[PDB]
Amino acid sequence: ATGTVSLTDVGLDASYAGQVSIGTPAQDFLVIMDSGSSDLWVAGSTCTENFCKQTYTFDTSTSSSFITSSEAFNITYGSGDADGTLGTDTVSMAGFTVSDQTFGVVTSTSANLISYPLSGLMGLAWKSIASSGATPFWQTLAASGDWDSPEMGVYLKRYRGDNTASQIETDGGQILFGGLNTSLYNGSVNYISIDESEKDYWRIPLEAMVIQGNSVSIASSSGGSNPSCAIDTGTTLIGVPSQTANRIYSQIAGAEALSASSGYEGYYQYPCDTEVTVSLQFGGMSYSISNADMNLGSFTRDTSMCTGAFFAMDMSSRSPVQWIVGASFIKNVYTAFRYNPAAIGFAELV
């Protein structure tokens, strides 16, 4: 079989979310679809955080199939963390069901992790990085032979650069579970193979980067000659090692690091009237990033300067990834996440 999740684009390409349903009878939630993590969680109805007061929450007491657990749930993202306890219940998405899906019932988070209309997050990466130890929903489906083809196809719609766009766009893209949507891409899919040691994040090697026509050195202390890049639908921008970010912005005349005084340490800005030409090389092909994705607008009162989508994020030397490649990149390609043989594919959008 196949099944489609319609995506809502929240926050001007900040987060892409789809509907999950949990419990009996079903309780429905809009959750971040996150190819950079592997746990499902939803804000619980007992949560006393302010955001929980203003969004839909999961009432464990009104699900007749809910199996409680005292086991703690704790997950950390680059943007913050979420805590609560594990639970088990029937979960559906895209017309599929997992009867005894383990997930987090969250009752605290770091400030501003999520808000209305979101209620949680569904991890689309591999079991080995699931904090809960549970097999991810998507992975159960793939492993069971339920899918026509063992892959997920992703389209993220772009609103950044549209001056009349809303903070909630329900026409936000699509995830196809169990195949690729041939109406949304053109030409052949270029698959980059992922070996058995790399089934954690969805990650692939960066071969090269070109900005303003200059090939940037992508060597790093953590990642050696070539970084391993999380292809991460759950992040907004492109996070890279500090050294690499410095090198990137050195290729744009007039670029400078934003001071920590601004409140934007790790970000860089450059002249707003410079259209930046930039591509990332994966699997022997260059993939362009449109100027509408690259230019985030002015972050300070100096309106002649605009912030770029690449930012400095030094990561744990315990991380297997040195780049986090978010929606800023992904909006420019149709993306296939292939379970078997394990691979990430890219195609030109139609």
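Numbering starts at 1 and runs along the sequence shown.
Checklist entry - Out of 34-42 and 313-321, which one has CA B-factors that are higher on average in the deposited record? => result That would be 313-321.
Checklist entry - Once you work out the mean C-alpha B-factor for both 220-228 and 176-184 from the entry, which is higher? => result Per the PDB record, 220-228.
Item to check | Top Cα B factor in the deposited entry, candidates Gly145, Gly120, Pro136, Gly104 | outcome: Of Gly145, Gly120, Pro136, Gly104, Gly145 has the highest C-alpha B-factor.
Item to check | Deposited CA B-factor, highest of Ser197, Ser92, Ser279, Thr164 | outcome: The listed residue with the largest C-alpha B-factor is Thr164.
Item to check | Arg203 - Cα temperature factor, lowest/middle/highest third of chain | outcome: Its C-alpha B-factor, which the entry lists for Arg203, ranks in the lowest third among residues of this chain.
Checklist entry - Lowest, middle or highest third: where is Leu12 by Cα B-factor in its chain? => result Within its chain, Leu12 is a highest-third residue by C-alpha B-factor, going by the deposited values.
Item to check | For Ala26, the third of its chain into which the C-alpha B factor falls | outcome: As the PDB entry reports it, the C-alpha B-factor of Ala26 lands in the lowest third of its chain.
Checklist entry - So where's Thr88 on the chain's Cα temperature factor ranking, which third? => result Answer is middle: the recorded C-alpha B-factor places it there.
Item to check | Ranked C-alpha temperature factor of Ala347 among modelled chain residues, by third | outcome: Middle third, going by the recorded CA B-factors of the chain.
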